[PDB]
Structures are given as C-alpha cells and as structure tokens.
Amino acid sequence: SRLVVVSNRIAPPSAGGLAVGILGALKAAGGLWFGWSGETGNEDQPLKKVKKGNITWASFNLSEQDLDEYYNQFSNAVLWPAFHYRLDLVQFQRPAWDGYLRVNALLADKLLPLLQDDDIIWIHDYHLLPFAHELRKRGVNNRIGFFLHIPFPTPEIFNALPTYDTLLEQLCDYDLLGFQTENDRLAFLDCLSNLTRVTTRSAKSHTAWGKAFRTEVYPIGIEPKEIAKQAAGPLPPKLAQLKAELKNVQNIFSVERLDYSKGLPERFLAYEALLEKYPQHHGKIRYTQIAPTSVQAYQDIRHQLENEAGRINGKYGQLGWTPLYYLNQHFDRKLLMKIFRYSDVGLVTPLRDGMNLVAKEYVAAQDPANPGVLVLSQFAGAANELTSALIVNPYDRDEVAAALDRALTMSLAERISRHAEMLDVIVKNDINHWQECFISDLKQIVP
Amino acid sequence: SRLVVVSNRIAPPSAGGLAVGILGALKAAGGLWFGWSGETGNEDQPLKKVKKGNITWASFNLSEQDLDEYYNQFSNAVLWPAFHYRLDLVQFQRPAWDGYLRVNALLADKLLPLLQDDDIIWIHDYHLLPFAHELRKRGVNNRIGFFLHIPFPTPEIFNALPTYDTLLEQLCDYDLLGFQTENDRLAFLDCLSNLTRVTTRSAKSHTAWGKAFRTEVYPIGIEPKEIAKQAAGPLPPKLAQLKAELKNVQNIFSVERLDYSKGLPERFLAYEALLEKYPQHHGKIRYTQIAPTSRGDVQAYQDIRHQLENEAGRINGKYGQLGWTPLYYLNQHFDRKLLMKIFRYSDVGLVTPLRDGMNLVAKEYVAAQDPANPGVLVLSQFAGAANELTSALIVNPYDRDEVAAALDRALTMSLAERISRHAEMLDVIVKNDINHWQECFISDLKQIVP
C-alpha cells in the first residue's frame, strides 16, 4: 500500500504538472519521495529528510564526477538525443555508461534501507532506466513501476545505441512499464522482440527472458482548474494594458525551452513562410517566442534563433512594425497563462516530443467564450488526444504557414467547437486521473 | 579650361553628393566624364558616348577578369582595407596588382584620343592611383589633379603594402593631390618622406624624385537646400500613418552600407550599453539601423550582415519586452527622399564609423533637421567630418560606455542646446557645400603651371 516514488529530483514542499501528480499520489496512500536534491560536491552527508504528515521527502547529493558522466553525459548526451531520433547528436563513451550504472546502483543502495516488503515503487524518467534491475539484485521483490516521459525510439534508432541490449534487459525487471503514447509502447515492444522472443496476451501482458511484466499507456495531463484560475486574474500593471497597446494586433505565441527536439528554427521558417505568402497579415500580426536559457549543448540553438530573428525582422520588418518578438527571458508561470489566454494562436510544433504540456496549458488557459487556436505538431504526443487542434507536419513550412493563416482567420463558432472538444479531453484525463490509473495498475500486479 | 573627369563609375543621365559636385564642375566650362559603365563583357566594343550640349559621358566595359583583378581584388581587397587601417583584411596576390596596373594603362589608352592639349584632368578615387603615371608615359603634360575619397594611412600601415613604393612614385605624377582631411594629407607626406627626400615650401608645395606637385585639403560636402527640400516633404501613405504611431518614442537612427570600416557591430554594442546602463530609457526609445542590400553581393560584407542579424536578435532577446522591441534592424532599400524625412523626425543621428574618409550621412542628417527643433548628431572622432562638425557629440567608438553616455546626453538635451549645436554645424555645411568643394579644387587645378 505505501508508495515509494523515485525521480531524478524532488520538490521541496500549484507550480507545475508532474509535481502535482506525484504529490497527489503520495497523499492518497502515504509514502516516500526519494530524489536528487540539486547540489554537488558533498555526497557523504546523511540523507536530507523532511517529513510532513502523510509523506516524507528524502534527498541526496552527487559528486561532480558522477553528475557529468551519469547526467550530463549518458542521460543527456546519449539517451536523450537517441530517444528524440537524433543519433547524429549521440556522444557515447564507455566511461559515461559505467558512470550511469554506478549512480543508479549508488541510489539503489541509499534507498534500500528505507524500503518495506509491501511498498509499491514508482520510478520516473530515463535517468533511472537501470534502477529496478539494481533493486532486484538487492533482493527487492516489490511491485515496481516505470514511467517514461520522453518518446521511446523505433528499433533502427534504438539498436544503434552501443548498450541497447543491456538497457532492454533491465527494463524488463520492472513489473509495469508506462508510456506517454501507444507508439512509444509499441516501439519498446518492437525493440525487445528484435532482441529476444516475447510472449504477449491480451495486448499488454508480456514475458521475455522468463520475466513477466506489463506495459500500458498513460498520457500525462495538467490540472485544468488551476490553469484557468491563474489565467483569468488581472495582469501586472505595466503589462495590464499592453494588452491595451496591441488591440489591432493578432498574437501568435509559443513558449518552449531551447532544445533540438523542439524545432524552434523551423517555426521561425514557418513564420517567414507566413509573411512571404500571406502579405495581407503584414503590420497586423506578431509572433512572440519566449525561450528561456537554463548547458552549452543548447546555446548553438540559441545562436541560430537570434540569427533568424534578426534575419526575418531585417527582411519583413517595417519602420513601425516588427514581425517577430524573440525573448530569451524567464517569465513567471502565472503570467504565461495570462499571455496564453490573450494570444490568438498557440503554436506548439516540436519535431519530437513525448508529451507537450504547453499545448494543454494553452487550451486550459483560454476564455471558453472566446478561445484561441492551437496549432500542433503531429509529432507531439499530445496530438493523439488533441485531435481538434490544427495538426501540422513541421517539416512542411508552407503547411504550418497555411495552418497559421487558417488559425488567424477562424470564426468564433469553429474556435469554440475546437476548443470545447480539446478542453473535454484535457478535463477528463487530467493529472489526477493519470496518477490514479498508474497506481491502480501498479497495485494489482502480483509479486 | 575644358574639364575631363575620370572616376571608376559615371552617372549617365540630383539625388547624390559627388555626382552633384562632378556635374557642377563639368557644367562650368563643359567637358568629358569618362568611366566604367558598370558592366562586364563586350569590352572591345566602342566607347558608348552620350552628349548633352557641353558635356560628354563616355563609358566602357571591362572583361570579367579585369573586373576581378583590378576592382574586386586589388582596389577593394588590398587598397581599401589597408587605407582603412585593416592590414588583416589585405589579400595581396601579384596577379591582382598586375591587373590593377593593366586596367589603369588600358583606360589611359582609351582616354588618350579624347584629350586635348589645354584640358584640365581630375582623377578620383583609389581605383586610379597609377593613372597620372600612365598618362605621363604617353606624354600627357596637362594639369592633372587627384582626389582621394577615403583616408590615407599612416606609414606603419601603408608600408606593409608589397607595392607601396610604386604607388607613392606614381602619385607624384599628379600636379595636385587633394585629400579629405589634413591628417590624410600629412599621412601621405609621411609615407613619401619615409621613402624619399621631399622638399616642402609654404605648406603645400613639394618635390620628390625631381617631380613638383601640390597637396591640399578639400572636405567633400553636400547640397543643403536639396536635402532640406526632400526632408520637409510629406510622407508616403503607409509611412505617413506611423509618424502618428512614433509619438512617445525617441528614435536613434543610422543608415550605412555594410563595410568593416563602419563598425556596425560596435554601434549595436553601444546601444546595448545604453540599455544596460540607462534603464530609465526602457520602453521609451528605439534604435533603427538601415543596412541596404548590396548590389555587388560582396562575400566579405555578408559576414557583417550575419553578425548584425545575430546581435539584433541577441539584444532584442535580452532587453525586449512583450510590447517593446529596442532595436529595429532593416536590411532593405529605402528611397533616398524617404531617408531624408526619417532623418528629420529622428531625435538622434548616430554616425560612428571606425575609420571614414568623410561620412556624408553626418552632414545630410544635420541638413535634414528642422532648424527650429533639431535632433542631435553623435559622431565618431574617426569620421573625417569630425574635423569640421566640432559641435556634434564626438565619441570614441572603441569605448562603448562613452558612446552610450553620448546617446543618453543626446536623448535628454534641451531645445536651446540642440538649436545651438545644430545651428553651428549647419553653418559649416552651408559654407562648405559640394559646389564650394569642386570650385576650390578646379581653381587650384587651373592655376597650376604645366
């Protein structure tokens, strides 16, 4: 009954999505959240532990050597590019792999004293693929679940990983494997079937190497009521009536962190295609891209976007109208929801994404009586449930431009029908439904 | 008395500065304007001559190899970077020098049939340094004057040129050498005296290798009442609409060709210094930089464009707001009459090159202002115009905080001081206009005794 959640980082005591589902789950049956605390260079202090009623937060530190091999190298320079279909950015070196295993084993040993024979164990992202295997080696027979938040790549990409067979064997030490989308789940079952013979009943009960495990799809959601609440309050004063400076302007908006998977250079090119082929919008629209920086792997993306902002404004700008507002600034989350609400078009076009929550935040932030339009990549995991969005292939910049123009001229009637139907999807499958389905499936496993 | 003008390009059929000066000079006693037509191929075809009364425009074409060795390589990749104190951009190769010498001799041969014994000959920029020498080799004893439009570099820069000694010898075949500034003239005399014994009398009469020549300063000017006429006209429809949108914003303005000498990345960094150190201006000012498209597609100048695009993106990314973009960079052509109006309505004109013979944008800006309510000129001390525009706000562009402090001073300057500074610059520009410039040079050229 008691729940042990292990994630790459814990939250001190809402302000996000996955934190709400993990905390909603930990209050439902009590338990422990175990995770990295954020700091480095002093590892051997005892377990930082904070207790509040039903739940205990347990955290640790990491040496600089472990963090770079495990987290900066293997997790973020091998697994992350590969799972987002970018083998050309994979930098595999065997020391990083060995360090990835060493950190996973080291946190299995920190957690082992805190476990009880009855706990169900919930492990989160790709940083901790080997964690179950490390716990089984210590005799942990509990019900263990894994949830992958990013895509799982198809075999011809995944098997190019030098340690792909070890990764696959360790994934099968979990009793339950969760995925954002059905394509991710089937991708993993294909990679496994290329490596070993797999038995499947119903659709989601499996055996490989004699190990029994289930797979399932649990698309992660948001809490829509809180987004609507932050979105409908009034603005900062200086920002209160820039809504009032720009009454004559339609705003296309997007907010994304800088990453190769998000395809931000291609959005700029889609916006340039809109300016080149629909000149009737000149002086009457604006594209605003907010892209905070938080790693030198990501500055070459930042350099390219600065260049493309300058080039596009240089080419289509006027003495009194600049087409593209690019902001490399941090905005507080409660202001972004208001910007979502007042933006006529939300543009969410990553090249590969496990689940884009910005897309759901944008829909949950709209005024239902006068909502904006969501333009969504078909490679966003959210595209499988947000079918009434304007779905686009970001590799076709004219098709995205055509969707932007359609979004900018769409009648209120069709805006309401599309928004109401996406909102129903998001409300029915919210963050709280997500954690309940996963905990309910995890409990009913037999050890 | 009849005047022969040779320059690399000619104006066939005034919306310009030097075109207005050369044409005023030609119309005074008639004459000939001889130059390249701008076109490659069919170089052996006859001279295209157009005559209008007293004046003849005669042009030629060049072979594609002549354009590349003479103009793209030696003129624009050896002499231009070196004369702008950028030895690191010199790409000297001996075929380029030989093509530089071959084209000069080749245009001297094309021009020789057109000359008469009494003509005064006026040769213009750095493309034609050897031209006097080529005419003297063909026995031309006329009065020949040269005007250099760009700076003349100090000896430690000029002497790095592999052919610096031949260039100096041929310059001494002109009877009169004109320069933008006294520093250019003196730099040339330093280069010459470092190479050979030079005699100087009064201030500007010289001998070298037994050749006699004069030197003099003729800062090039503008036509102020034509600038003022274009500036005060009414706006085009879509640009009329937005002087009504630019009511609560002060505009800092600049318009320059893309070129390493102009220091456009350093202007951007000066603007970033203003935004970083005078936050009181946020949301209330704007810097607009117009950087036209270049005909010649000069690959060297597109690295500059890439650099500006990046810095425009970076500076707006860092200081922009959801409702305010600090920096408008436009890589577009704006018609010249519209620029004059933009000048007039701009609170601050920013002209800060790293090295410039004479920046005429500086004079156009002040000639464009409404005298009863003028904007402020911020000017680099390395612009040749800084020697006569002393009441501008003179700045050193290598100190970006000093440029920012001048911009902040320009944006908050009272009306009385703006009128005082502007009135004194306008007087300088009206007294030394483009027509005064060509009259001073031809009058000095004429009184030379062959």
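Participant: Could you give an account of the overall build of chain B, with specific residues and numbers?
Facilitator: Across its full length, chain B carries 16 helices and 16 strands. Computed over its C-alpha atoms, the radius of gyration of chain B comes to 23 Å, within 12% of the 22 Å expected for a compact globule of 450 residues. Expressed as a percentage of the 450 residues in chain B, the buried residues total 57%. Accessible surface, chain B as shown: approximately 18,600 Å² in total, 49% of it carbon and sulfur.

Participant: Break down the environment of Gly323 of chain B for me, with residues and values.
Facilitator: Mapped onto the elements, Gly323 of chain B comes out in the loop between α11 (299-319) and β13 (327-330). Separated by 136 residues in sequence, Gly323 of chain B and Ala187 of chain B have C-alpha atoms that sit 50 Å apart. If we skip the residues at most four places from it in the chain, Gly323 of chain B touches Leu242, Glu245, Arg286 and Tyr325 of chain A.

Participant: Any chance you could break down the interface of chain A and chain B for me, citing the residues and the numbers?
Facilitator: The interface is formed by 29 residues belonging to chain A together with 26 residues belonging to chain B. Summed over the shared surface of chain A and chain B, the number is zero salt bridges. Listed by contribution, the elements that provide at least two residues to the side of chain A that touches chain B are β12 (285-290), α11 (299-316) and β13 (324-327) of chain A. Residue contributions to the side of chain A that touches chain B peak at 10 residues, all from α11 of chain A. Residues of the side of chain A that touches chain B, tallied by class, amount to 12 nonpolar, 12 polar and five charged.

Participant: Report on the sheet that holds strand β16 (residues 390-392) of chain A, specifying residues and quantitative values.
Facilitator: Residue and element names in this part refer to chain A. In space, the six strands of this open sheet follow the order β13-β12-β11-β14-β15-β16, with parallel pairing throughout. Edge positions in the sheet fall to β13 and β16, since each of these pairs with one other strand and no more. Across this sheet, the average inter-strand angle for adjacent strands is 20 degrees, counted without regard to direction. Sitting on the sheet, helix α12 (residues 333-342) is in contact with β11 (250-255) and β12, with an inclination near 145 degrees to β11.

Participant: Describe the side chain of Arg286 of chain A, with residues and values.
Facilitator: Tracing the chain through its elements places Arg286 of chain A in strand β12. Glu245 of chain A is the oppositely charged side chain nearest to the buried, salt-bridge-free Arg286 of chain A, at an N-O distance of 7.3 Å. The contact partners of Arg286 of chain A, leaving out residues within four places of it in the chain, are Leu246, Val249, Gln250, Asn251, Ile252, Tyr271, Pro323 and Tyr325 of chain A together with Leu322 and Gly323 of chain B.

Participant: Go over the nonpolar core with me, naming the residues and quoting the values.
Facilitator: Across soluble globular proteins, nonpolar side chains show a tendency to be buried alongside one another. Counting residues in hydrophobic clusters, the biggest one holds 56 residues, and the most contacted among them are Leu79, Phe83, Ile123, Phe131, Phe152, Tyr174 and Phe188 of chain A. Ranked by residue count, the leading element in this core is helix α2 (residues 64-83) of chain A, at eight residues. Beyond its immediate chain neighbours, meaning those up to four positions away, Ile123 of chain A contacts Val6, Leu128, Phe131, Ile144, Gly145, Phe146, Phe147 and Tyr174 of chain A. In terms of nonpolar packing, the next biggest core, distinct from the first, is built from 55 residues, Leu79, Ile121, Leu168 and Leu177 of chain B among them.

Participant: Can you break down the packing of α12 of chain A against helix α13 (residues 357-365) of chain A residue by residue, with the values?
Facilitator: Residues and elements named next belong to chain A. At their nearest, the axes of α12 and α13 sit 8 Å apart, and the two run at 65 degrees to each other. Relative to α13, the element α12 lies roughly perpendicular. The two elements α12 and α13 cross, and the hand of that crossing is right-handed. Counted together, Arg333, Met337, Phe340 and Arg341 of α12 and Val358, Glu361, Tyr362 and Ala365 of α13 form the full contact between these two elements. Tallied by class, the residues present in the contact of α12 with α13 amount to five nonpolar, no polar and three charged.

Participant: Got a sec to walk through the sheet that holds strand β7 (residues 176-179) of chain B? Specific residues and values, please.
Facilitator: Residue and element names in this part refer to chain B. Pairing is mixed across the open sheet formed by 10 strands, whose spatial order is β3-β4-β2-β1-β5-β6-β7-β10-β9-β8. With one partner strand each, in any of the chains shown, β3 (48-52) and β8 (199-201) form the two edges of the open sheet. If you compare each strand with its neighbour and ignore which way they point, the axes differ by 20 degrees on average. Bridging between strand β6 (residues 143-147) and β7 involves three bridges; their strand directions are parallel. Within β7, the residue paired with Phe147 across the bridge is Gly178. Set on the sheet, helix α7 (residues 182-195) makes contact with β7, β9 (205-208) and β10 (211-217); between it and β10 the angle comes to about 155 degrees.

Participant: Mind laying out the side chain of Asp259 of chain A, listing which residues take part and the relevant values?
Facilitator: Residue and element names in this part refer to chain A. Note that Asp259 resides in the loop between β11 and α10 (264-277). A relative accessible area of 1% places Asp259 in the buried class. At a separation of 2.9 Å, a polar atom in the side chain of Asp259 contacts the side chain of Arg257. Setting aside residues no more than four positions away along its own chain, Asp259 makes contact with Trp80, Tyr298 and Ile301.

Participant: Let's hear about the pairing of strand β6 (residues 143-147) of chain A: which residues, and what values?
Facilitator: All names here are of chain A. Here β6 lies mainly inside the structure; five of its five residues are buried. The side-chain alternation of β6 yields two buried faces, one formed by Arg143, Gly145 and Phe147 and the other by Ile144 and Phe146. Looking at chain direction, strand β5 (residues 120-123) and β6 are connected through four bridges and run parallel. Each residue of the ladder has a partner; that of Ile121, found in β6, is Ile144. Chirality of the crossover, the property in question, places the unit of β5, helix α4 (residues 131-137) and β6 among those that are right-handed. In the sheet, β6 pairs with strand β7 (residues 176-179) via three bridges, with the strands oriented parallel. Note that in β7 the partner of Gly145 across the bridge is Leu176.

Thresholds, definitions, all that
Residues numbered from 1 in each chain as written, not as in the entry; some residues may be left out. Chains lettered and ligands numbered in written order. Heavy atoms only, no water. Helix = DSSP H or I, 4+ residues; strand = E, 2+ residues; numbered from the N terminus. Rg over C-alpha atoms; globule rule 2.2 N^0.38 Å. Buried < 20%, exposed > 50% of the residue type's maximum accessible area, 1.4 Å probe, protein only. Areas by Shrake-Rupley, 256 points an atom, 1.4 Å probe, with all protein chains shown as cover. Contact = heavy atoms within 4.5 Å. Salt bridge = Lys/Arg side-chain N within 4 Å of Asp/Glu carboxyl O. Nonpolar A, V, L, I, M, F, W, Y, C, P; charged D, E, K, R; others polar. Pairing = 2+ DSSP bridges. Axes fitted to C-alpha atoms, helices over the stretch in contact; angles between N-to-C directions. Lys, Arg positive; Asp, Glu negative; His and termini not counted. Core = buried A, V, L, I, M, F, W, Y, C linked by side-chain atoms within 4.5 Å. Parallel < 35°, antiparallel > 145°, perpendicular 65-115°, else oblique. Left-handed = near helix turned anticlockwise from the far one by under 90°. Polar contact = N/O pair within 3.5 Å; in protein donor to acceptor, adjacent residues only side chain to side chain. Right-handed = clockwise from strand over helix to strand, strands pointing away.

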